[PDB]
Structures are given as structure tokens and as C-alpha cells.
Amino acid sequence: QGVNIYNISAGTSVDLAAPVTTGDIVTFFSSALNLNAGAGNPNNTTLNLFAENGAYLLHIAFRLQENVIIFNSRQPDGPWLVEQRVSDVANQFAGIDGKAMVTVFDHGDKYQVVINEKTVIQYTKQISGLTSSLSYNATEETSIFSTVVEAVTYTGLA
């Protein structure tokens, strides 16, 4: 039913005009894909889906030094739960250069992450609720994504 667009600059967090609940979609667009980027410490780039209460419903990190994409969750004041790891970054982004896009479907119990056209994980949710906040911080000056990441949310799909 609805389509929202957001310009998320590296380091920001935009509150959603409409929350991404079950059945909904959210895609992150990067007009750059720097996989040569220097040493990140630790997450060269993270993309998060928060709850109204700062709870990390999902944490998507990109670590080039560890050549791995990390997936996790955490209560607002709690500790990082059980990680997850998909190995070999560049190989997930193969297919498209110069740009990239990360799609996160919300299937109620699980978050399906898809990089470009390839599903990278069917991540089972640790924490729960509905996403009301997004974030895109480069935990070390060499984001594998462009200085700005567009974000489109397809909500009201139900």
C-alpha cells in the first residue's frame, strides 16, 4: 500500500514514517561498493533495524578485514546475542559493481537478507517487535557503501 523513501547519510538513523512490520520490505541502496576499503574496526559498515526502544532487531555488519558479514541482535541496554556469519564478502556482491543493494524482508519470525538478487541468510529472529528506526554507521572511515544510502520501505503490504 505505501512507499517511503529515505536518505540515510553515513552515521545517521532515520525514524520511519511508517514501521516495517511483518510482511513488509526495506531495501538499502548504495551508489558505491568499495570492497578495497581499508581496515575496518570492527564493522566497516553496519545497517540496523531498531525498535522504538533502541532495541536492535537486526544488525548487519560488513567486515573486510575478517572477510565476513555478521548478523546479530541486542536489547537496548543488553549485550550482543548470538552472532551469525556468512563468509566471503566480495562473493556476495558479485554480479553488480559500482552499486549495491541490501534487502531485508520481514517474515515475522525471520529476516531474509538479500544482497542484490542473492539471499545471504534466512536469519531467525532473536529479539522481536516491529522496526521504527534505521541506521547506517561506518564503524571506521571506509564504508563499503556510498557516503549516503537511499532507503525505500514497502510497508502496508500486510
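For every residue, the number given is its place in the sequence shown, counted from 1.
Mean CA B-factor, 18-26 versus 135-143: the higher value falls on 135-143. Of the two stretches examined, 59-67 and 31-39, the record assigns the greater average C-alpha temperature factor to 31-39. As recorded in the PDB entry, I96 shows the highest C-alpha B-factor of the residues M101, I96, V113, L47. When the modelled residues of the chain are ordered by their C-alpha B factor, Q1 lands in the highest third. Split the chain's modelled residues into thirds by C-alpha temperature factor. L130 is in the highest one. Sort the chain's modelled residues by C-alpha temperature factor and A51 lands in the highest third, per the entry.
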